[PDB]
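S.K.: generate a structure from the sequence data that follows.
(chains A, B, C, D and E, ligands or ions: 13)
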Amino acid sequence: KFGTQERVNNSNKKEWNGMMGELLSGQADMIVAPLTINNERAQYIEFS
Amino acid sequence: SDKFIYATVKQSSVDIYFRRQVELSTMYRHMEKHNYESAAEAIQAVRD
Amino acid sequence: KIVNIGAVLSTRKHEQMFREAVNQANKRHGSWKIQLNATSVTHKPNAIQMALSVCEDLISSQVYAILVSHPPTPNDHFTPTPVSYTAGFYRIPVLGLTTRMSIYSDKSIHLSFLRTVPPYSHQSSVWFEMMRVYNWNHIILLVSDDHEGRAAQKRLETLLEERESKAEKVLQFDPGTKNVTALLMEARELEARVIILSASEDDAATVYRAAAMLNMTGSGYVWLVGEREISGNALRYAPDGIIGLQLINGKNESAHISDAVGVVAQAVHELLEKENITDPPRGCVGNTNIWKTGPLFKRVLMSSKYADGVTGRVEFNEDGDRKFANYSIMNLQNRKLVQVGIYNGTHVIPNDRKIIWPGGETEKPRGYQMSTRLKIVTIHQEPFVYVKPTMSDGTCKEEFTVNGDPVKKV
Amino acid sequence: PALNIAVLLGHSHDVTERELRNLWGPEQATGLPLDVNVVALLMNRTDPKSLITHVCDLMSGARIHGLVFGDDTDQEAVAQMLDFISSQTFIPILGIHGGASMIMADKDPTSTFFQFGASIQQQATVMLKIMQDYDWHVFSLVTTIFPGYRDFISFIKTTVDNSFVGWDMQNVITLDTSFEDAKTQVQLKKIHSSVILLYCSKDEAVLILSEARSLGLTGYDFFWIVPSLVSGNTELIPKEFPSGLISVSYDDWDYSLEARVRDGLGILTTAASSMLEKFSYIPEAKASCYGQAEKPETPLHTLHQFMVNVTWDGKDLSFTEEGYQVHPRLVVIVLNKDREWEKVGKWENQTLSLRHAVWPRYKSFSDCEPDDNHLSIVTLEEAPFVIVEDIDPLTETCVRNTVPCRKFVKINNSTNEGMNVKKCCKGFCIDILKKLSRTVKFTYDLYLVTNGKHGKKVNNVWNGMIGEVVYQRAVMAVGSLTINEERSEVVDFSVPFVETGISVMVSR
Amino acid sequence: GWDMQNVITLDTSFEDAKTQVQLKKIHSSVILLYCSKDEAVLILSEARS
Ligand SMILES: *[C@@H]1O[C@H](CO)[C@@H](O[C@@H]2O[C@H](CO)[C@@H](O)[C@H](O)[C@H]2NC(C)=O)[C@H](O)[C@H]1NC(C)=O
Ligand SMILES: *[C@@H]1O[C@H](CO)[C@@H](O[C@@H]2O[C@H](CO)[C@@H](O)[C@H](O)[C@H]2NC(C)=O)[C@H](O)[C@H]1NC(C)=O
Ligand SMILES: *[C@@H]1O[C@H](CO)[C@@H](O[C@@H]2O[C@H](CO)[C@@H](O)[C@H](O)[C@H]2NC(C)=O)[C@H](O)[C@H]1NC(C)=O
Ligand SMILES: *[C@@H]1O[C@H](CO)[C@@H](O[C@@H]2O[C@H](CO)[C@@H](O)[C@H](O)[C@H]2NC(C)=O)[C@H](O)[C@H]1NC(C)=O
Ligand SMILES: *[C@@H]1O[C@H](CO)[C@@H](O[C@@H]2O[C@H](CO)[C@@H](O)[C@H](O)[C@H]2NC(C)=O)[C@H](O)[C@H]1NC(C)=O
Ligand SMILES: *[C@@H]1O[C@H](CO)[C@@H](O[C@@H]2O[C@H](CO)[C@@H](O)[C@H](O)[C@H]2NC(C)=O)[C@H](O)[C@H]1NC(C)=O
Ligand SMILES: *[C@@H]1O[C@H](CO)[C@@H](O[C@@H]2O[C@H](CO)[C@@H](O)[C@H](O)[C@H]2NC(C)=O)[C@H](O)[C@H]1NC(C)=O
Ligand SMILES: *[C@@H]1O[C@H](CO)[C@@H](O[C@@H]2O[C@H](CO)[C@@H](O)[C@H](O)[C@H]2NC(C)=O)[C@H](O)[C@H]1NC(C)=O
Ligand SMILES: *[C@@H]1O[C@H](CO)[C@@H](O)[C@H](O)[C@H]1NC(C)=O
Ligand SMILES: *[C@@H]1O[C@H](CO)[C@@H](O)[C@H](O)[C@H]1NC(C)=O
Ligand SMILES: *[C@@H]1O[C@H](CO)[C@@H](O)[C@H](O)[C@H]1NC(C)=O
Ligand SMILES: *[C@@H]1O[C@H](CO)[C@@H](O)[C@H](O)[C@H]1NC(C)=O
Ligand SMILES: *[C@@H]1O[C@H](CO)[C@@H](O)[C@H](O)[C@H]1NC(C)=O
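M.R.: Residues are numbered from 1 along each chain as shown, chains lettered A, B, ... in the order given. Ligands and ions are numbered 1, 2, ... in the order given. Here you go:
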């Protein structure tokens, strides 16, 4: 999965998956992939 | 329509873009059930 | 006319000196209008014994405020908790002498509990001041899962909010855990090199031992800890170069007793000038009604500033805790602790002593070490990132483009 | 194995000891491996010395393995005292009513003390659910220096950060003191028409609401949400409390004290049954409070970890680590025009059900300006113009370019009553209505019609849009309403915006 | 092509419930005021607050 803010059914918490989940959780530090920039993704991470 | 089915990769940038658009919601409810796991599977499906 | 003040003290000589201080305060203010009668009781091993004795002796004596201190026994497991409940039943204000536990800082549990010493939670403020002096931005928190760790973490985060900065990670461990290696392994891969620890003595000793066995005490690492981490067994295993805090008169009893009795006498004198003053209830049994002017006495105490206090300018904040105390930043050198400066209410001033950072170097270490091993994540996209299985040799076969240049593979 | 439970009540309640003993006589094998011998006791009042002596006597004599405490007064301190007793006796103590039902922030880690109440976090969650259901996304936060405000603000910020609803939080105001003196009017004057979450004490709420009314912050479009702290005693209500003051509290009307005691006894019995199934035998209680026993006093097995998974006959009365009920019986009440607390909605099983689907306008005071810009609009579902669709499964609220609309749907034709389901209405006419609202600056409560169909005069009585408009049940009828001679005679019409005649549809 | 948002009359006192929501109704960047100096001071003070 590329990454999308999805509502987990339990406790109703927003969570990012894919590269977003890897990067935001500290498992990854930089994403070199065909990642499309948009308003939602720029709120939490920074794009060059 | 049922005969014409168009889809995209589940949990990707285009899904977010279609979900946010105000006039584009009507097709989104149709495409959310037909989303594929990755681009390769969609390419294979459209090939055959 | 006579105003009674109750005291629960550790030793008989402490009670005698408290009575002498009461007499001195009465002489200073003047006994012509009101005479301060002081009653005292020694601690007991059982908490239920305290709960019974406070009603049988202090409440039945119609006291206005109760001064509570820790017992001579080194045990410090919430000893003043019973009194703070019983006098909290009638909203009778309680002045804490040397109780640094921050569970009493929450007025929702303890309705009326004042203290002349700041709790362990306020120590974070001191560290924040260091943030402004040595220019440290990325830090690692090692708070515990009890109320103290949570309170310290919350206070530190609140103080960092105004700077629009946050700690890199907030590691949490259960109290009294023999193994903590996982947290230090997780912290090692992080870039922040400033470690802030606040726990019990045993947990601090365990963390220090783990860090010593995990190469966390080398050059480039700085440790900031509270008093509990540099007192007792935690001092034995403390790594060299650790910076700890100690209050000037934290363990002192006489100075705190004198200052507390002075401030309570001033508050009583100020309060009795008001109208329709209500006497405290007499005896726990047969009287379930709260004190009518008890909250008013609480605000009077919280709004009273002692002029010349021995421990310092006695002042209480909105949380009912001591404000603007003298903190002595005290550093471990050659398995010995020496003062490297003094911290006043708001700012940090150093001294002629030279700070020895962990690892033996004297130069001030940088806040973080730049990590040059970037963890790269990639998604399988055919036009951009071809992925191919490898052979048994660990690498896949090299190819060439139409121009003959080799293709680079990772 | 015989399990002894002591149940302490006060003389204020009419329940007698014999009734308390007969409460645990259902005789359907409530405890499969053990039998329960309930002992009851009544006390005058609550005070430290007598309470401690009574608890120690009950532990020493009756050898109770648990304790159910029911308080009659409103003294919060008793609750803390109870916790302390647990920390010194290891006997599970349950708070039932009164002061013992008041929730505390942090319990002692070694104290096995639980309460029948709702924490501040649950109250904030219920407030957020109320605001989301009525689509009051824009709101402010007014707090004081009262204890328990920092964690409340932190939880509110965490919830607003992690919710898909917009939740346009304007600002946070913390009035430390000098409410009427200075430094506070400037902060209170910058709040516009929105919902106010007020957190303080009752006597403090007195002054806060008085100053808010003095500043004109209590209009029809201002909704005040407050926790149980300022609600306090339901019997007494301050005169300055504005009508429409929505509050959340632990219910005291439907949930009687008898049910409270029965639920507490059932919780203790099921915890004992689970422990007997898992462990070997119920440990004997401590010999006495006094004597200074030389021991860690730490039991090998306790009931603290067995109360997390509790399931009584019909309800799920499980508890959390901090001791809060997982599914508290929370009720949302309002101060109606009669100056009395009236129950409106309920919150159980993480499901919030409200009696009023649409929030009725409440006259805050006798001198309040009359409602003029708020309108009730009828609208009928027409495929090109008005599309009605269910609530969005993702956001649990109406999506963009749609407006809320309550449809009066019955359970079936058999029953003569129904409920208003809040669906989302969109389309051409909905967009026109939104544009009219954006131009004329008026608010609307659009609701579907269920009486007629586009209007027809039968028995000299109009139904549908014409009937609703003529009978003063609505101010306008936005939809696919065709202009007609009789309709224009009965009610006034606006300028047509689309040419709609009659035509014939034929198969090609 | 002016943009006249509204006309507000402060008939009653300047510190009661009225004249506050009316003042809050102002969203334009320019305000045309007309009164005498004594109540002008009060109106400007309320607007500043
Ligand atoms: C003034 O203080 C003295 C000293 O504590 C009080 O005398 C004690 O009173 C209690 C309660 O009756 C007794 O249990 C103690 O034995 C007394 N101490 C001595 C040394 O006799 C006295 O009661 C106080 N007076 C008032 C009016 O509060
Ligand atoms: C605490 O737990 C950790 C993790 O389980 C232990 O770390 C292991 O240490 C051994 C050698 O001492 C290594 O071979 C393992 O690879 C380590 N585990 C991991 C996951 O890396 C640690 O030994 C434990 N502490 C004690 C005192 O036993
Ligand atoms: C901690 O650091 C010390 C010294 O930097 C390490 O000790 C050396 O480790 C290397 C690699 O294992 C050995 O080749 C040397 O012989 C060791 N020297 C001595 C004097 O012991 C130690 O291995 C490090 N420990 C960890 C867990 O990283
Ligand atoms: C607690 O602090 C007080 C005040 O500093 C100490 O009392 C002083 O003791 C010295 C030496 O005996 C005297 O010269 C001072 O005059 C005393 N001051 C006062 C105000 O009495 C006391 O010794 C300290 N206690 C401990 C245990 O260190
Ligand atoms: C330690 O605390 C004492 C309080 O006893 C401080 O002494 C006061 O310092 C201020 C500032 O110069 C003076 O105005 C007061 O007259 C001093 N005495 C008292 C009784 O307040 C002392 O400065 C503190 N040490 C520091 C800040 O390093
Ligand atoms: C704590 O110490 C700092 C450093 O000495 C004090 O800050 C100085 O205060 C003096 C007196 O007003 C000023 O002239 C200096 O300009 C201040 N310097 C700085 C860097 O702030 C501070 O006042 C002390 N606080 C207390 C409560 O004594
Ligand atoms: C809570 O208790 C219930 C009832 O005892 C447990 O439900 C049973 O769990 C066992 C073991 O997992 C299953 O074999 C049964 O089939 C379950 N019964 C039913 C009706 O579902 C439940 O697992 C317990 N939960 C926890 C977390 O302990
Ligand atoms: C308690 O709440 C849960 C969660 O809402 C309920 O489980 C739902 O039950 C309905 C009715 O059958 C289903 O349509 C949902 O799919 C269920 N959701 C989940 C997550 O399980 C449960 O029924 C409630 N228990 C009651 C009301 O007794
Ligand atoms: C609910 O969430 C859990 C955790 O992500 C997941 O394993 C499960 O499949 C989800 N179930 C549904 C119905 O979404
Ligand atoms: C008691 O005194 C206070 C302080 O002056 C005053 O506000 C209050 O009204 C008085 N109450 C009575 C009953 O006289
Ligand atoms: C309190 O209860 C006791 C019984 O234990 C009774 O003797 C006494 O009269 C009661 N007090 C009052 C004021 O009724
Ligand atoms: C619905 O109920 C009414 C009476 O309430 C009845 O006249 C009508 O025939 C019913 N419609 C059905 C059964 O379709
Ligand atoms: C429920 O509604 C259906 C459809 O209108 C009807 O056929 C049925 O009789 C109703 N059930 C009753 C009236 O009990």
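S.K.: who touches the top helix by length along chain D?
M.R.: Criterion DSSP state H: the longest helix present in chain D is helix D:257-278. Identification of contacts with helix D:257-278 by C-beta atoms under 8 Å, 6 or more residues apart in numbering or on different chains yields D:1, D:3, D:5, D:7, D:13, D:15, D:20, D:23-24, D:30-34, D:36, D:38, D:65-66, D:68, D:70, D:92, D:94, D:96-97, D:116, D:282, D:301, D:303, D:306-307, D:309-313, D:315, D:317. Using the backbone N, CA and C atoms, a C-beta is placed for each residue, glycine as well.
S.K.: could you flag which of the residues you listed are buried?
M.R.: With burial judged by 16 or more other C-beta atoms under 10 Å in any protein chain shown, the buried subset of the contacts of helix D:257-278 is D:3, D:5, D:7, D:15, D:20, D:23-24, D:30-31, D:34, D:36, D:38, D:65-66, D:68, D:70, D:92, D:94, D:96-97, D:116, D:282, D:303, D:306-307, D:310, D:312, D:317.
S.K.: checking the most centrally placed residue in chain A next. Helix, strand or coil?
M.R.: Residue closest to the mean C-alpha point of chain A, counted by C-alpha atoms, centre = their mean, is residue A:20 at 2.4 Å. With DSSP: H, G, I helix; E, B strand; the rest coil as the basis, residue A:20 sits in helix.
S.K.: and it, what does it touch?
M.R.: Shown in contact with residue A:20 (C-beta under 8 Å, 6+ apart): A:3, A:4, A:5, A:41, A:44, A:45.
S.K.: quick one: which of the residues you listed is most hemmed in?
M.R.: Counting neighbours by other C-beta atoms under 10 Å in any protein chain shown, the top entry in these is residue A:3, with 26 neighbours.
S.K.: gap between the spatially closest residue to it that is not a sequence neighbour and residue D:429?
M.R.: Sequence neighbours aside, residue A:20 is the residue nearest to residue A:3 in space, at 3.4 Å (criterion: C-beta to C-beta, 6 or more residues apart in numbering or on different chains). When C-beta to C-beta, to the nearest Å is applied, the distance between residue A:20 and residue D:429 equals 40 Å.
S.K.: repeat for residue D:455
M.R.: Distance from residue D:455 to residue D:429, counting by C-beta to C-beta: 15 Å.
S.K.: of all of chain B, which residue lies closest to ligand 2?
M.R.: Here chain B gets closest to ligand 2 at one residue, residue B:11, 31.9 Å apart by C-beta to the nearest ligand atom.
S.K.: using the three-state scheme, assign that residue.
M.R.: coil.
S.K.: circling back: what's the farthest-apart pair in the contacts of residue A:20?
M.R.: Spatially, the most separated pair among those is A:4 and A:45, at 13.5 Å (C-beta to C-beta).
S.K.: check contacts around the nearest residue to residue D:180 once chain neighbours are set aside.
M.R.: Distances taken as C-beta to C-beta, 6+ apart place residue D:211 nearest to residue D:180, at 6.0 Å, with adjacent residues excluded. With contact taken as C-beta under 8 Å, 6+ apart, residue D:211 is in contact with D:179, D:180, D:184, D:185, D:188.
S.K.: of the residues you listed, which is the nearest to residue B:22?
M.R.: Nearest to residue B:22 out of those is residue D:188 (C-beta to C-beta; 36.8 Å).
S.K.: quick check: chain neighbours aside, which residue is closest to that closest one?
M.R.: Excluding the flanking residues, the one nearest residue D:188 by C-beta to C-beta, 6+ apart is residue D:215, at 5.9 Å.
S.K.: noted, bye for now.
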